[PDB]
Amino acid sequence: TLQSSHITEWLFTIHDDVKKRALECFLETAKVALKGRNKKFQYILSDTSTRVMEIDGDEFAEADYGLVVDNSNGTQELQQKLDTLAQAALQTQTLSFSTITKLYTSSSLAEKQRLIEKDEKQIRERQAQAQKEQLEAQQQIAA
Amino acid sequence: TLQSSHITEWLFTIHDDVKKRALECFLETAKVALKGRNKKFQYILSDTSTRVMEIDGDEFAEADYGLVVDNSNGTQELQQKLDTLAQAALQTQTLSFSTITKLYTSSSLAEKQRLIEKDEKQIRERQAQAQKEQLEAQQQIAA
Amino acid sequence: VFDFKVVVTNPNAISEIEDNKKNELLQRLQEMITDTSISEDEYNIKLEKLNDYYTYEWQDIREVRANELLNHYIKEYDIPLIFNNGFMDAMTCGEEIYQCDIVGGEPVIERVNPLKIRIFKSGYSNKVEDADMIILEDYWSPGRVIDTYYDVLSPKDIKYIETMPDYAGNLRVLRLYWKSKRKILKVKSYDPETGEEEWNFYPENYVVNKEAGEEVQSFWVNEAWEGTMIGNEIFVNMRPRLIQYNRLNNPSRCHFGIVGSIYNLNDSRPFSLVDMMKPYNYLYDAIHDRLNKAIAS
Amino acid sequence: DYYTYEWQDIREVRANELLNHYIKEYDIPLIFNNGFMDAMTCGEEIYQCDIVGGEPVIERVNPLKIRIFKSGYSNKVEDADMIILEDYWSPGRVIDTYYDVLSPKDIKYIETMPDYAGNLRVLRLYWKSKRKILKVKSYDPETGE
Amino acid sequence: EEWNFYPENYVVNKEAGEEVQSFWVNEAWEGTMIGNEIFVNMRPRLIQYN
Amino acid sequence: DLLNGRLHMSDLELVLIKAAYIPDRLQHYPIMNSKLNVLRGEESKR
Amino acid sequence: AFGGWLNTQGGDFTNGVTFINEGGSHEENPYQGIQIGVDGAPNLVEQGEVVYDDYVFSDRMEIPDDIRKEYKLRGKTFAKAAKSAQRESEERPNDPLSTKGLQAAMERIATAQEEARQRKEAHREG
Amino acid sequence: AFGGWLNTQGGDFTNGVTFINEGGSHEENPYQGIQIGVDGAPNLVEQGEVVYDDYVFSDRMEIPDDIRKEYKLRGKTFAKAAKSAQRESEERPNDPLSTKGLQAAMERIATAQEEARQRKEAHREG
Amino acid sequence: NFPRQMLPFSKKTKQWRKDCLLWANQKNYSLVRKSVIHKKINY
Ligand SMILES: [Mg+2]
Ligand SMILES: [Mg+2]
């Protein structure tokens with residue numbers, strides 16, 4: 001059935017391209033709607049999301065800023081690697097259940113990447129200060 | 001039989017869309033019924049649920065607040081990840097049997113996510129104060 | 001698999017307005033527990049109960065409420081069976097319709113017979129929400145009309161229900177749903193504290209506050225109306241539809257309880273499954289007629 | 001925790017938030033399935049993105065109800081200079097879409113139609129006009145750039 | 001403001017702001033006939049599925 | 001129309017009818033519908 | 001009870017206005033009124049008055065024409081003005097525009113009544 | 001409200017210019033103006049003025065022909081000049097070129113008004 | 001004839017609504033639906 005799927009994969013490829021372009025067109029439409037005094041966007045967006053419009057670059061296409069709607073094997077593979085990496089962090093006590101839940105409910109690879117990097121930094125810093133505290137406690141005991 | 005299931009999946013897709021919309025229409029109808037002096041809702045709802053109506057935003061569609069009726073692979077996958085994560089928390093003595101039972105009887109992904117985050121915080125805090133208590137006990141023994 | 005849950009689309013997306021509404025709700029709960037708790041006997045119990053709601057968010061509380069409502073009513077009404085019946089209707093007709101209404105104070109959901117709904121003023125739209133006017137004509141029992149309109153039926157109407165000859169003894173219930181028009185005012189006001197322009201929508205009876213910079217305009221906006229006729233003499237619930245299916249930004253967006261779809265192709269009439277199996281069934285019947293006549297001879 | 005973020009990260013989060021919410025709200029995949037059927041019947045798949053009622057909306061265009069002019073043998077529909085969309089809308093839809101610009105005379109026109117379906121012919125013209133703009137060359141005051 | 005439902009024999013408490021209305025409401029009744037001469041349990045159905 | 005089960009006699013010959021009866025009109029057997037439904041269903045499940 | 005209520009489809013929906021009817025005048029009622037609630041604990045009210053947001057609109061007081069022209073009142077009394085301002089909201093207690101309009105109208109009528117009461121008090125003390 | 005706003009397709013899009021209309025003159029308004037905001041806390045403005053980027057263009061002041069020729073103003077007053085400079089941006093509040101042109105024009109008209117005010121102040125003190 | 005809907009809420013009286021319902025009784029063509037006889041035959 002795969003070899004027959006090859007016969008129609010061209011229809012599916014042009015369909016996928018049209019879908020990517022239609023979602024980019026919807027994204028630009030939504031961007032323009034943001035600056036139209038609609039309180040709905042205050043509910044579905046963060047604070048930083050609603051302040052991005054205050055900068056003077058928001059009138060232009062997102063593809064000009066390095067942001068593109070993408071449904072390709074690269075994106076899916078990146079999502080899988082990030083999810084598996086977060087699971088591997090959960091064991092070894094390197095990543096919290098709360099931040100795991102945040103990764104499960106993120107929708108953005110950048111967001112979950114930043115969450116993982118965050119937790120790495122806080123566990124590393126707390127470990128380092130723990131070693132420093134124990135060392136100085138031993139030193140002052142000896143003193 | 002899968003390839004034949006493809007022939008009727010379009011009927012099933014439009015059916016699923018109609019069901020999602022009918023459940024949204026039922027949800028708005030129930031929201032309007034809440035403010036109709038019916039004591040039934042005091043039994044099937046929490047306190048906070050029955051106080052949400054007191055805020056001045058309850059006349060409008062839930063889709064305008066970021067809440068949508070959804071039966072898609074994303075929702076099912078999120079439910080599975082949360083359930084498996086709760087199981088993995090149960091071992092390692094990170095999550096209580098009571099709160100596990102609450103997760104099994106929640107119906108909302110937000111509720112069970114918050115329950116897991118809760119228990120993470122209380123076990124972490126009790127562990128930290130345990131270490132502090134032991135350390136100060138040793139220190140005052142030495143003193 | 002049937003698990004339709006209300007989910008927050010962007011659960012990591014919290015804003016200042018959501019936080020303000022959350023704070024309002026927590027203050028209200030605090031006031032209620034102070035009112036009910038009798039001098040520390042259970043005040044600490046209430047605080048212990050509502051402490052874990054601090055880590056919640058406005059969207060979380062709304063989603064819990066919506067899930068609670070849908071969960072209970074799905075289990076109570078056996079909604080999946082209603083959907084199975086509607087799916088059968090869709091495969092026979094290419095039309096699947098459901099009505100959401102309040103009856104007896106509770107929300108109810110019903111499957112509409114495709115032969116007993118007259119949908120007017122739509123724009124080649126396969127969705128039933130897009131109609132401007134729908135008429136539902138069906139024959140109800142006297143028990144059902146008294147179950148549904150006890151609090152508005154006059155004694156004259158109930159005498160009418162008695163005095164009918166009752167030669168089935170049902171009543172013709174015709175329900176009209178129609179989008180009327182209302183005049184509303186778009187008033188532009190300045191925030192007193194900060195020089196920020198603000199917009200609001202008010203009815204026509206609102207008096208614009210001159211001497212404060214408020215300037216007004218008049219728009220005509222859709223309003224969903226309903227009205228019911230029982231038999232030929234009773235006239236009940238003629239008013240704006242109390243369930244206005246409203247949207248945040250558009251005052252004109254409203255519809256009726258009726259929701260459905262046409263299983264059609266490109267703004268055409270639906271070519272249903274039964275339609276595309278029927279010619280074969282007729283040929284089968286004719287050929288089996290020949291077979292039976294051969295068997296007889 | 002937003003200090004470790006970057007500008008591109010914040011923009012990507014906002015865009016993902018918008019697309020996530022509206023994909024789940026509108027059931028966009030079903031719209032795309034209908035358009036795919038249109039493409040297999042016609043070889044033409046078209047979608048329109050617009051603001052209606054202040055929110056962004058996405059709709060599938062009937063291939064028989066779009067007149068695409070002034071394209072250059074281009075298989076893409078974005079490349080057209082002029083498109084006309086003729087369709088029959090209900091009065092409720094036109095009042096939902098143009099309440100804030102319809103005059104009282106126009107609404108009286110909507111009333112006074114005989115209504116013998118009772119829909120309205122909505123013809124929408126899209127066309128690339130031309131504007132005169134100025135390309136001004138200035139020097140940065142601080143540096144001779 | 002509070003609402004309650006009472007039978008017809010209830011006397012509305014004037015001088016306290018109580019105003020009343022009259023509705024006609026379904027009641028389930030039952031009655032049994034055995035043979036042709038016996039008449040038993042003619043009353044409102046004691047199991048009102050309320 | 002072919003997908004909706006309607007056959008135009010003018011699209012496959014010269015018409016030398018407008019009555020909806022087979023002794024002068026032609027049946028349509030929608031054998032193309034299943035093929036396109038397969039592809040739309042796979043599109044949905046991708 | 002039809003006073004500021006829309007009891008339809010088996011529910012009881014209100015626009016917030018409390019038509020306090022059937023009690024009687026303060027002197028005619030043995031309990032000096034209806035005594036809606038306890039807060040001054042004796043919150044007494046007569047048959048003609050209406051209440052919105054715990055604010056009482058008095059029926060015995062009249063509308064000066066000076067206060068009629070500005071704020072654009074319609075009823076002959078303040079209670080009648082409140083009853084006329086809330087007609088639009090009775091049949092649609094759930095509509096956000098109706099709730100906003102009712103709130104605005106009730107604030108206007110409240111301010112008008114306060115102005116009238118100040119004027120009468122100043123004149124009487126004069 | 002049509003004053004510096006494009007309310008179309010169910011949204012409210014502005015080019016930033018605030019047509020402060022319907023209030024009245026400072027003397028005719030009981031509150032001495034509209035009082036748009038609090039910052040001097042009494043930020044009072046009359047019906048003829050327009051505001052861009054928290055800068056008020058005065059309608060009562062006239063345009064000297066010396067200041068007409070340079071900076072190339074069109075209106076008879078500074079408020080009218082601002083109203084004429086922003087005509088191009090009203091119908092396209094989202095266009096980057098329109099926003100840049102509006103910013104440039106508003107800066108020019110602001111500098112012209114400051115020059116006129118300095119000249120009038122110096123002449124009056126003279 | 002369906003009554004006029006460009007009225008203020010005050011002029012939408014009881015007889016106006018009764019007229020709406022009488023029109024509904026006086027009475028089907030749709031653009032994306034089959035005839036009732038067709039659906040009845042299918043069922
Ligand atoms: Mg949110
Ligand atoms: Mg309960």
# chains A, B, ... in the order shown; residues from 1 in each chain; ligands from 1

$ interface_residues --of "chain A" --to "chain F" --cutoff "12 Å" --atoms "only C-alpha atoms" --output "ChimeraX atom specification"
/A:4-5,7-13,15-16,19,71

$ write_last_selection --atoms "C-alpha atoms" --output "short mmCIF file (atom, residue, chain, number, x, y, z; two decimals), in the first residue's frame"
data_model
loop_
_atom_site.label_atom_id
_atom_site.label_comp_id
_atom_site.auth_asym_id
_atom_site.auth_seq_id
_atom_site.Cartn_x
_atom_site.Cartn_y
_atom_site.Cartn_z
CA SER A 4 0.32 3.13 -4.03
CA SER A 5 0.58 5.92 -1.45
CA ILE A 7 0.89 7.81 -6.42
CA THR A 8 -1.14 10.30 -4.34
CA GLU A 9 1.63 11.78 -2.19
CA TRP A 10 1.86 14.64 -4.71
CA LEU A 11 -1.73 15.68 -3.99
CA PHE A 12 -0.89 15.45 -0.31
CA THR A 13 2.31 17.48 -0.70
CA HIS A 15 -2.16 20.20 0.09
CA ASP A 16 0.35 20.46 2.94
CA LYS A 19 -2.11 24.51 4.53
CA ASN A 71 4.98 20.69 9.77
#

$ residues_near_ligand --ligand "ligand 1" --cutoff "7 Å" --atoms "only C-alpha atoms and all ligand atoms" --output "PyMOL selection string"
(chain A and resi 42-46) or (chain B and resi 65-66) or (chain C and resi 10-11+13-15+18+59)

$ closest_atom_pairs --of "chain C" --to "ligand 2" --cutoff "12 Å" --atoms "only C-alpha atoms and all ligand atoms" --output "CSV"
residue,atom,partner,partner_atom_place_in_ligand_line,distance
C:68,CA,ligand 2,1 (Mg),9.9
C:69,CA,ligand 2,1 (Mg),11.4
C:72,CA,ligand 2,1 (Mg),10.3

$ residues_around --residues "residue 89 of chain D" --least-positions-apart "3" --cutoff "7 Å" --atoms "only C-alpha atoms" --output "list in words"
residues 122 and 123 of chain C; 93, 94, 119, 120, 121 and 122 of chain D

$ write_last_selection --atoms "N, CA, C and O atoms" --output "PDB file, in the first residue's frame"
ATOM      1  N   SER C 122     -30.450  31.472   5.091  1.00  0.00           N
ATOM      2  CA  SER C 122     -29.046  31.118   5.193  1.00  0.00           C
ATOM      3  C   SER C 122     -28.378  31.353   3.842  1.00  0.00           C
ATOM      4  O   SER C 122     -29.044  31.507   2.815  1.00  0.00           O
ATOM      5  N   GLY C 123     -27.052  31.398   3.856  1.00  0.00           N
ATOM      6  CA  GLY C 123     -26.285  31.879   2.724  1.00  0.00           C
ATOM      7  C   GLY C 123     -25.461  30.833   2.002  1.00  0.00           C
ATOM      8  O   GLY C 123     -24.266  31.052   1.782  1.00  0.00           O
TER       9      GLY C 123
ATOM     10  N   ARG D  93     -26.000  37.595   8.338  1.00  0.00           N
ATOM     11  CA  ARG D  93     -24.551  37.593   8.162  1.00  0.00           C
ATOM     12  C   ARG D  93     -24.033  38.977   7.790  1.00  0.00           C
ATOM     13  O   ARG D  93     -22.990  39.407   8.295  1.00  0.00           O
ATOM     14  N   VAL D  94     -24.730  39.689   6.902  1.00  0.00           N
ATOM     15  CA  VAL D  94     -24.258  41.019   6.521  1.00  0.00           C
ATOM     16  C   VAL D  94     -24.371  41.971   7.704  1.00  0.00           C
ATOM     17  O   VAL D  94     -23.547  42.876   7.863  1.00  0.00           O
ATOM     18  N   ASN D 119     -32.021  35.999   0.703  1.00  0.00           N
ATOM     19  CA  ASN D 119     -30.612  36.310   0.874  1.00  0.00           C
ATOM     20  C   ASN D 119     -30.250  37.578   0.101  1.00  0.00           C
ATOM     21  O   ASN D 119     -31.017  38.070  -0.727  1.00  0.00           O
ATOM     22  N   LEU D 120     -29.061  38.106   0.386  1.00  0.00           N
ATOM     23  CA  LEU D 120     -28.542  39.312  -0.250  1.00  0.00           C
ATOM     24  C   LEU D 120     -27.294  38.978  -1.051  1.00  0.00           C
ATOM     25  O   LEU D 120     -26.430  38.236  -0.578  1.00  0.00           O
ATOM     26  N   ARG D 121     -27.196  39.531  -2.256  1.00  0.00           N
ATOM     27  CA  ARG D 121     -26.008  39.341  -3.080  1.00  0.00           C
ATOM     28  C   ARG D 121     -24.890  40.222  -2.550  1.00  0.00           C
ATOM     29  O   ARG D 121     -24.974  41.451  -2.623  1.00  0.00           O
ATOM     30  N   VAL D 122     -23.853  39.599  -2.007  1.00  0.00           N
ATOM     31  CA  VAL D 122     -22.688  40.294  -1.481  1.00  0.00           C
ATOM     32  C   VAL D 122     -21.543  40.090  -2.461  1.00  0.00           C
ATOM     33  O   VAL D 122     -21.005  38.986  -2.584  1.00  0.00           O
TER      34      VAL D 122
END

$ interface_residues --of "chain D" --to "chain F" --cutoff "12 Å" --atoms "only C-alpha atoms" --output "ChimeraX atom specification"
/D:27-42

$ select_by_dssp --residues "chain G" --states "strand (DSSP E)" --output "number ranges by chain"
G: 5-6, 13-14, 18-19, 50-52, 55-57

$ interface_residues --of "chain G" --to "chain B" --cutoff "6 Å" --atoms "only C-alpha atoms" --output "list in words"
residues 11, 12 and 13 of chain G

$ write_last_selection --atoms "N, CA and C atoms" --output "JSON list (two decimals), in the first residue's frame"
[["chain", "number", "residue", "atom", "x", "y", "z"],
["G", 11, "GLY", "N", -37.35, 28.68, 35.00],
["G", 11, "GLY", "CA", -36.36, 29.35, 35.81],
["G", 11, "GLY", "C", -36.89, 30.67, 36.33],
["G", 12, "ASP", "N", -36.08, 31.31, 37.17],
["G", 12, "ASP", "CA", -36.40, 32.61, 37.76],
["G", 12, "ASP", "C", -35.22, 33.55, 37.51],
["G", 13, "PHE", "N", -35.31, 34.34, 36.44],
["G", 13, "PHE", "CA", -34.25, 35.26, 36.05],
["G", 13, "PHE", "C", -34.67, 36.69, 36.35]]

$ residues_around --residues "residue 31 of chain I" --least-positions-apart "2" --cutoff "8 Å" --atoms "only C-alpha atoms" --output "tab-separated table (two decimals) with N, CA, C and O atoms, in the first residue's frame"
chain	number	residue	atom	x	y	z
C	124	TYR	N	-26.07	29.69	1.67
C	124	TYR	CA	-25.35	28.51	1.17
C	124	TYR	C	-24.44	27.93	2.25
C	124	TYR	O	-23.43	27.29	1.95
C	268	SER	N	-23.78	22.60	-2.06
C	268	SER	CA	-24.84	21.89	-2.77
C	268	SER	C	-25.74	21.18	-1.77
C	268	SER	O	-25.54	21.26	-0.55
C	269	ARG	N	-26.74	20.50	-2.28
C	269	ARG	CA	-27.59	19.67	-1.44
C	269	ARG	C	-26.88	18.36	-1.13
C	269	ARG	O	-26.09	17.87	-1.94
D	117	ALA	N	-34.85	32.45	-2.02
D	117	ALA	CA	-34.58	32.71	-0.62
D	117	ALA	C	-34.43	34.20	-0.38
D	117	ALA	O	-34.27	34.97	-1.32
I	29	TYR	N	-38.46	26.13	1.00
I	29	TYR	CA	-37.36	26.14	0.05
I	29	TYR	C	-36.07	26.51	0.76
I	29	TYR	O	-36.01	27.53	1.46
I	33	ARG	N	-30.53	22.01	1.20
I	33	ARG	CA	-31.32	20.93	1.77
I	33	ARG	C	-32.18	20.30	0.69
I	33	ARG	O	-32.58	20.96	-0.27

$ atom_distance --atom1 "atom CA of residue 47 of chain H" --atom2 "atom CA of residue 23 of chain H"
5.2 Å

$ closest_atom_pairs --of "chain C" --to "chain I" --cutoff "7 Å" --atoms "only C-alpha atoms" --output "Markdown table"
| residue | atom | partner | partner_atom | distance |
| --- | --- | --- | --- | --- |
| C:92 | CA | I:42 | CA | 6.3 |
| C:93 | CA | I:39 | CA | 5.9 |
| C:115 | CA | I:36 | CA | 5.9 |
| C:118 | CA | I:28 | CA | 6.7 |
| C:120 | CA | I:30 | CA | 6.8 |
| C:124 | CA | I:31 | CA | 6.1 |
| C:126 | CA | I:32 | CA | 6.9 |
| C:176 | CA | I:21 | CA | 6.8 |
| C:180 | CA | I:5 | CA | 5.7 |
| C:181 | CA | I:5 | CA | 5.8 |
| C:182 | CA | I:8 | CA | 6.8 |
| C:183 | CA | I:8 | CA | 6.7 |
| C:227 | CA | I:21 | CA | 6.7 |
| C:238 | CA | I:17 | CA | 6.2 |
| C:267 | CA | I:32 | CA | 6.3 |
| C:268 | CA | I:32 | CA | 5.3 |
| C:269 | CA | I:32 | CA | 4.3 |
| C:270 | CA | I:33 | CA | 6.7 |
| C:274 | CA | I:42 | CA | 6.6 |

$ residues_around --residues "segment 125-140 of chain D" --least-positions-apart "6" --cutoff "8 Å" --atoms "only C-alpha atoms" --output "ChimeraX atom specification"
/D:81-85

$ write_last_selection --atoms "N, CA and C atoms" --output "tab-separated table (two decimals), in the first residue's frame"
chain	number	residue	atom	x	y	z
D	81	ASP	N	-3.64	40.15	-8.94
D	81	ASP	CA	-3.78	41.57	-8.65
D	81	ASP	C	-5.20	41.98	-8.34
D	82	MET	N	-6.18	41.13	-8.62
D	82	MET	CA	-7.58	41.52	-8.47
D	82	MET	C	-8.44	40.27	-8.39
D	83	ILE	N	-9.28	40.21	-7.35
D	83	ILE	CA	-10.14	39.07	-7.08
D	83	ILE	C	-11.52	39.61	-6.74
D	84	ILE	N	-12.56	38.99	-7.29
D	84	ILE	CA	-13.95	39.35	-7.00
D	84	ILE	C	-14.61	38.13	-6.38
D	85	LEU	N	-15.24	38.32	-5.22
D	85	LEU	CA	-15.97	37.28	-4.51
D	85	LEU	C	-17.45	37.64	-4.53

$ closest_atom_pairs --of "chain C" --to "chain F" --cutoff "12 Å" --atoms "only C-alpha atoms" --output "tab-separated table"
residue	atom	partner	partner_atom	distance
C:263	CA	F:4	CA	11.4
C:264	CA	F:4	CA	8.6
C:265	CA	F:4	CA	7.5
C:266	CA	F:4	CA	9.7
C:267	CA	F:4	CA	11.1
C:268	CA	F:4	CA	8.2
C:269	CA	F:4	CA	8.2
C:270	CA	F:4	CA	7.7
C:271	CA	F:4	CA	5.6
C:272	CA	F:4	CA	9.1
C:273	CA	F:33	CA	10.7
C:275	CA	F:5	CA	8.8
C:276	CA	F:30	CA	7.1
C:277	CA	F:30	CA	9.4
C:278	CA	F:29	CA	10.6
C:279	CA	F:29	CA	8.3
C:280	CA	F:29	CA	8.8
C:283	CA	F:27	CA	11.6

$ interface_residues --of "chain C" --to "chain G" --cutoff "7 Å" --atoms "only C-alpha atoms" --output "ChimeraX atom specification"
/C:102-105,148-149,151-152,201-203,206,239-240,242,244

$ atom_distance --atom1 "atom CA of residue 118 of chain A" --atom2 "atom CA of residue 78 of chain A"
18.6 Å

$ interface_residues --of "chain C" --to "chain E" --cutoff "12 Å" --atoms "only C-alpha atoms" --output "count of residues only"
21
